Amino acid sequence: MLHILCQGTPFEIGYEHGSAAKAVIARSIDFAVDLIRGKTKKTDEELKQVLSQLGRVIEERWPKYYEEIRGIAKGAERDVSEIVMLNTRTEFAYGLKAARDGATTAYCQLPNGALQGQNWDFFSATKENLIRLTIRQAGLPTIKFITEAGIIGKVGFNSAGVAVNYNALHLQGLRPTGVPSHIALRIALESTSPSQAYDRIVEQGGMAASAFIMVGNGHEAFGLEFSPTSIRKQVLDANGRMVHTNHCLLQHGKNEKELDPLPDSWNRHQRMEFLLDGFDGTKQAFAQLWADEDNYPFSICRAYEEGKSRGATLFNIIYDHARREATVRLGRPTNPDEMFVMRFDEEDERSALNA
């Protein structure tokens, strides 16, 4: 997997990302455009105007992130609107049920160190577009995360021990001026604790669309299920565990409307809770949970099967909170394409201290 080290000003950070991942970003864009063009009544000219509006929101509200987005655009030799599109896919593609990703996520508090992880499931064509970034910003935690190339915030952890997971969620509502989900992910990745991540997401005063984010360290963790009109917090159960898939578990008002997750969202949730019931606590057993194939191909370790299942598990990440290490498996955990461990070095820590 391409690993890009980004440092300096927001623009310089974006430029390094765009330059180093130039060919990959071209593929990300072409795939995203194919995904949308196959489902909409609107012209490209109209859609470009929508992207212009979304870009202006980011420019006004989060200028540092917009500068990074401009940097990505310049380095990748693409239009700013194309990079905005990548970063607002959920919001931009609002109301296209075939365009949906999936996930299974879990946190377990344990006496020798908490474990947290997820599988992320989508079309296999995006797997080759997954990259990882190390971002150093003076006075902020250093961040290491896995993303589709061109996106500024996704799934990963930071030098302060904050680890973030993402699951698609399908509550109705779109607020074009609210915070985009991948912007919220970057906000969380820049925070020094889960408490701070919660506060800083709530500080934005409302979400643009619907998703679920889990934020955890060794000490505390929460999940957030949200729409533009609801932000509810999931907490550890009596067994010290959290499990989330792609449907609402929390008590949102009856005015909130869930838009048809797949039946397997429930099956995977029930299955993971069952597996955790018999889980012995070891890192080795934790890793194996993610390879579960009950209800294949719609299993926790999801498989492509033409005519049944369009997507597959494209990566797995496990955060070892005790050691501040993230183990990544590319592809399906049953037979990974590659495996590596991300760790922060003393230079990563020097940036975070502004030393």
# chains A, B, ... in the order shown; residues from 1 in each chain; ligands from 1
>>> residues_around(residues="residue A:255", least_positions_apart="2", cutoff="10 Å", atoms="only C-alpha atoms", output="JSON, numbers by chain")
{"A": [172, 229, 230, 252, 253, 257, 258]}
>>> write_last_selection(atoms="N, CA and C atoms", output="PDB file, in the first residue's frame")
ATOM      1  N   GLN A 172     -32.630   9.429   7.183  1.00  0.00           N
ATOM      2  CA  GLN A 172     -33.027  10.416   6.184  1.00  0.00           C
ATOM      3  C   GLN A 172     -32.639  11.825   6.616  1.00  0.00           C
ATOM      4  N   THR A 229     -30.685  15.840  12.148  1.00  0.00           N
ATOM      5  CA  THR A 229     -31.622  16.198  13.226  1.00  0.00           C
ATOM      6  C   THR A 229     -31.504  15.303  14.474  1.00  0.00           C
ATOM      7  N   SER A 230     -30.378  14.600  14.602  1.00  0.00           N
ATOM      8  CA  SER A 230     -30.169  13.688  15.738  1.00  0.00           C
ATOM      9  C   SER A 230     -28.710  13.335  15.896  1.00  0.00           C
ATOM     10  N   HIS A 252     -33.538   7.068  18.627  1.00  0.00           N
ATOM     11  CA  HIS A 252     -33.796   8.316  17.924  1.00  0.00           C
ATOM     12  C   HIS A 252     -35.300   8.579  17.981  1.00  0.00           C
ATOM     13  N   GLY A 253     -35.698   9.837  17.846  1.00  0.00           N
ATOM     14  CA  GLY A 253     -37.137  10.169  17.830  1.00  0.00           C
ATOM     15  C   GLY A 253     -37.868   9.441  16.711  1.00  0.00           C
ATOM     16  N   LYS A 257     -36.141   8.613  10.241  1.00  0.00           N
ATOM     17  CA  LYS A 257     -36.548   7.547   9.328  1.00  0.00           C
ATOM     18  C   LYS A 257     -35.312   6.846   8.809  1.00  0.00           C
ATOM     19  N   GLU A 258     -35.239   5.534   9.029  1.00  0.00           N
ATOM     20  CA  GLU A 258     -34.116   4.744   8.546  1.00  0.00           C
ATOM     21  C   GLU A 258     -34.440   4.177   7.167  1.00  0.00           C
TER      22      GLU A 258
END
>>> atom_distance(atom1="atom CA of residue A:304", atom2="atom CA of residue A:168")
18.5 Å
>>> atom_distance(atom1="atom CA of residue A:284", atom2="atom CA of residue A:301")
16.4 Å
>>> closest_atom_pairs(of="stretch 90-117 of chain A", to="stretch 148-161 of chain A", cutoff="12 Å", atoms="only C-alpha atoms", output="JSON lines")
{"residue": "A:103", "atom": "CA", "partner": "A:155", "partner_atom": "CA", "distance": 11.5}
{"residue": "A:105", "atom": "CA", "partner": "A:155", "partner_atom": "CA", "distance": 11.4}
{"residue": "A:114", "atom": "CA", "partner": "A:161", "partner_atom": "CA", "distance": 11.5}
{"residue": "A:116", "atom": "CA", "partner": "A:156", "partner_atom": "CA", "distance": 10.9}
{"residue": "A:117", "atom": "CA", "partner": "A:156", "partner_atom": "CA", "distance": 9.8}
>>> write_last_selection(atoms="C-alpha atoms", output="short mmCIF file (atom, residue, chain, number, x, y, z; two decimals), in the first residue's frame")
data_model
loop_
_atom_site.label_atom_id
_atom_site.label_comp_id
_atom_site.auth_asym_id
_atom_site.auth_seq_id
_atom_site.Cartn_x
_atom_site.Cartn_y
_atom_site.Cartn_z
CA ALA A 103 -18.87 -2.02 8.05
CA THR A 105 -16.98 -2.33 14.20
CA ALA A 114 -8.58 -2.39 25.15
CA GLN A 116 -10.87 -1.84 18.83
CA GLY A 117 -11.35 -2.61 15.15
#
>>> residues_around(residues="residue A:186", least_positions_apart="3", cutoff="9 Å", atoms="only C-alpha atoms", output="PDB file with C-alpha atoms, in the first residue's frame")
ATOM      1  CA  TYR A  65      -9.155  21.716   5.424  1.00  0.00           C
ATOM      2  CA  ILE A 152      -8.588  14.034   4.043  1.00  0.00           C
ATOM      3  CA  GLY A 153     -10.134  11.947   6.853  1.00  0.00           C
ATOM      4  CA  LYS A 154     -11.178   8.329   7.165  1.00  0.00           C
ATOM      5  CA  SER A 181     -18.889  12.955   7.570  1.00  0.00           C
ATOM      6  CA  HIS A 182     -15.279  12.751   6.382  1.00  0.00           C
ATOM      7  CA  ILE A 183     -14.645  16.244   7.791  1.00  0.00           C
ATOM      8  CA  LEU A 189      -8.368  12.345  14.213  1.00  0.00           C
ATOM      9  CA  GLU A 190      -6.982  15.777  15.198  1.00  0.00           C
ATOM     10  CA  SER A 191      -8.261  15.571  18.802  1.00  0.00           C
TER      11      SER A 191
END
>>> closest_residue(among="A:245, A:147, A:354, A:193", to="residue A:24", atoms="only C-alpha atoms")
A:147
>>> atom_distance(atom1="atom CA of residue A:104", atom2="atom CA of residue A:27")
26.0 Å
>>> residues_around(residues="residue A:175", least_positions_apart="5", cutoff="12 Å", atoms="only C-alpha atoms", output="list in words")
residues 54, 57, 90, 91, 92, 94, 180, 181, 205, 206, 207, 208, 209, 210, 227, 228 and 229 of chain A
>>> write_last_selection(atoms="N, CA, C and O atoms", output="short mmCIF file (atom, residue, chain, number, x, y, z; two decimals), in the first residue's frame")
data_model
loop_
_atom_site.label_atom_id
_atom_site.label_comp_id
_atom_site.auth_asym_id
_atom_site.auth_seq_id
_atom_site.Cartn_x
_atom_site.Cartn_y
_atom_site.Cartn_z
N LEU A 54 -20.87 22.97 -2.21
CA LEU A 54 -20.26 22.19 -1.12
C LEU A 54 -18.84 22.69 -0.81
O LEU A 54 -18.44 22.77 0.36
N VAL A 57 -18.93 25.95 1.25
CA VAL A 57 -19.18 25.63 2.66
C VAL A 57 -17.88 25.26 3.38
O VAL A 57 -17.59 25.80 4.45
N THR A 90 -20.80 10.98 0.54
CA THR A 90 -22.05 10.69 1.26
C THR A 90 -23.10 11.75 0.99
O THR A 90 -24.24 11.43 0.60
N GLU A 91 -22.69 13.01 1.15
CA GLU A 91 -23.53 14.18 0.95
C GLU A 91 -23.88 14.43 -0.53
O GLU A 91 -25.03 14.72 -0.87
N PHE A 92 -22.88 14.31 -1.40
CA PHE A 92 -23.05 14.58 -2.83
C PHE A 92 -23.94 13.52 -3.48
O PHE A 92 -24.79 13.84 -4.31
N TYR A 94 -26.23 11.76 -2.07
CA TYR A 94 -27.36 11.51 -1.17
C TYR A 94 -28.58 11.00 -1.93
O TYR A 94 -29.09 11.67 -2.84
N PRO A 180 -19.72 17.66 6.81
CA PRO A 180 -19.61 16.39 6.07
C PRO A 180 -18.98 15.29 6.93
O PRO A 180 -18.14 15.58 7.79
N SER A 181 -19.38 14.05 6.72
CA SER A 181 -18.89 12.95 7.57
C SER A 181 -17.37 12.78 7.58
O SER A 181 -16.78 12.55 8.63
N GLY A 205 -22.26 22.10 15.35
CA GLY A 205 -23.66 22.55 15.42
C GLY A 205 -24.58 21.84 14.45
O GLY A 205 -25.70 22.30 14.20
N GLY A 206 -24.11 20.74 13.87
CA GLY A 206 -25.02 19.85 13.15
C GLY A 206 -24.40 19.15 11.97
O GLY A 206 -23.60 19.74 11.24
N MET A 207 -24.81 17.90 11.76
CA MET A 207 -24.22 17.07 10.71
C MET A 207 -24.91 17.33 9.37
O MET A 207 -26.09 17.72 9.32
N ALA A 208 -24.16 17.11 8.29
CA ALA A 208 -24.69 17.27 6.94
C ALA A 208 -25.58 16.12 6.51
O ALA A 208 -26.53 16.31 5.76
N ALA A 209 -25.26 14.91 6.96
CA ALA A 209 -26.01 13.73 6.54
C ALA A 209 -25.91 12.67 7.65
O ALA A 209 -25.75 13.03 8.82
N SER A 210 -26.06 11.40 7.30
CA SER A 210 -26.11 10.34 8.31
C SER A 210 -24.90 9.42 8.20
O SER A 210 -24.47 9.08 7.09
N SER A 227 -27.83 12.02 12.22
CA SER A 227 -28.46 12.56 11.02
C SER A 227 -28.41 14.08 11.21
O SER A 227 -27.95 14.55 12.26
N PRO A 228 -28.90 14.85 10.22
CA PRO A 228 -28.97 16.30 10.44
C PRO A 228 -29.85 16.73 11.62
O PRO A 228 -29.76 17.88 12.05
N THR A 229 -30.68 15.84 12.15
CA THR A 229 -31.62 16.20 13.23
C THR A 229 -31.50 15.30 14.47
O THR A 229 -32.41 15.27 15.30
#
>>> closest_residue(among="A:126, A:234, A:204, A:7", to="residue A:142", atoms="only C-alpha atoms")
A:7
>>> closest_residue(among="A:132, A:232, A:283, A:268", to="residue A:108", atoms="only C-alpha atoms")
A:283
>>> residues_around(residues="residue A:322", least_positions_apart="3", cutoff="8 Å", atoms="only C-alpha atoms", output="mmCIF file with C-alpha atoms, in the first residue's frame")
data_model
loop_
_atom_site.group_PDB
_atom_site.id
_atom_site.type_symbol
_atom_site.label_atom_id
_atom_site.label_comp_id
_atom_site.auth_asym_id
_atom_site.auth_seq_id
_atom_site.Cartn_x
_atom_site.Cartn_y
_atom_site.Cartn_z
ATOM 1 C CA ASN A 112 -4.495 -5.832 29.716
ATOM 2 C CA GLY A 113 -5.495 -3.144 27.222
ATOM 3 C CA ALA A 114 -8.577 -2.391 25.147
ATOM 4 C CA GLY A 218 -7.347 2.944 26.157
#
>>> closest_residue(among="A:83, A:221, A:25, A:211", to="residue A:164", atoms="only C-alpha atoms")
A:221
>>> closest_residue(among="A:93, A:11, A:130, A:176", to="residue A:53", atoms="only C-alpha atoms")
A:176
>>> closest_residue(among="A:327, A:335, A:251, A:134", to="residue A:14", atoms="only C-alpha atoms")
A:134
>>> residues_around(residues="residue A:48", least_positions_apart="4", cutoff="9 Å", atoms="only C-alpha atoms", output="compact mmCIF listing (two decimals) with N, CA, C and O atoms, in the first residue's frame")
# COMPACT_ATOMS: atom_id res chain seq x y z
N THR A 43 -27.64 16.65 -15.10
CA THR A 43 -26.47 16.82 -15.98
C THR A 43 -25.20 17.06 -15.17
O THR A 43 -25.26 17.43 -13.99
N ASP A 44 -24.05 16.87 -15.81
CA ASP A 44 -22.74 17.15 -15.21
C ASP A 44 -22.60 18.62 -14.80
O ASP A 44 -22.04 18.93 -13.76
N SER A 52 -19.64 23.04 -6.36
CA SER A 52 -19.20 24.40 -6.10
C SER A 52 -19.79 24.90 -4.77
O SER A 52 -19.09 25.50 -3.96
N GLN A 53 -21.08 24.63 -4.55
CA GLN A 53 -21.71 25.00 -3.28
C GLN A 53 -21.11 24.28 -2.08
O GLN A 53 -20.90 24.90 -1.03
N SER A 81 -13.15 21.00 -7.47
CA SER A 81 -14.48 20.36 -7.35
C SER A 81 -14.40 18.84 -7.31
O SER A 81 -15.20 18.20 -6.64
N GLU A 82 -13.46 18.26 -8.05
CA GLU A 82 -13.29 16.80 -8.07
C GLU A 82 -12.82 16.29 -6.74
O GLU A 82 -13.26 15.22 -6.30
>>> residues_around(residues="stretch 138-140 of chain A", least_positions_apart="4", cutoff="6 Å", atoms="only C-alpha atoms", output="PyMOL selection string")
chain A and resi 351-354
>>> select_by_dssp(residues="stretch 71-285 of chain A", states="helix (DSSP H, G or I)", output="NGL selection string")
:A and (71-76 or 80-87 or 89-92 or 97-99 or 124-129 or 181-189 or 194-202 or 263-277 or 283-285)
